[PDB]
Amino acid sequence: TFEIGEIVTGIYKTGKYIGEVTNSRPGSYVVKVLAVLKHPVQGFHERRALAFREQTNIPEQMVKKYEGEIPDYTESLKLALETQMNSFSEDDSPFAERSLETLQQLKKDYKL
């Protein structure tokens, strides 16, 4: 169980975020996004991270109490993206190729 105002991590569409619980309901929480921990998987269309202060419904199983520091949203997004891009370093698949292309553009779209 999580109370309003509680700082949590949330997993949404393969992305992972730090956020704040702003409402509860049967089986889920509305989470206000504050930072990005993991940029979502792509695929061939792009898939954007949740935006700063975006509020999204997340099933309760995918929500966890978070007591760490809250990173700056923009710097966290920059980091999350570089991490995902680097994750393909030893990957010679077509999926890696297509993903890396996609993330490179997203990086420009985000203003980073």
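In this text, residue numbers run from 1 along the sequence as written.
Chemist: Please say, as none, 1 to 3, 4 to 9, or 10 or more, how many residues of the deposited sequence are without coordinates in the interval between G43 and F44.
Modeler: Going from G43 to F44, the model skips 10 or more residues of the deposited sequence.
Chemist: Tell me which stretch, 96-104 or 8-16, has the higher mean Cα B-factor listed in the entry.
Modeler: Comparing 8-16 with 96-104, the higher average CA B-factor belongs to 96-104.
Chemist: Please compare 24-32 with 65-73 and name the stretch with the higher mean C-alpha B-factor in the deposited structure.
Modeler: Comparing 24-32 with 65-73, the higher average CA B-factor belongs to 24-32.
Chemist: Against its chain's modelled residues, does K38's Cα B factor rank lowest, middle or highest third?
Modeler: Lowest third, going by the recorded CA B-factors of the chain.
Chemist: Can you tell me whether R47 has a C-alpha B-factor in the lowest, middle or highest third compared with the other modelled residues of the same chain?
Modeler: Ranked within chain, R47 CA B lands in the highest tercile.
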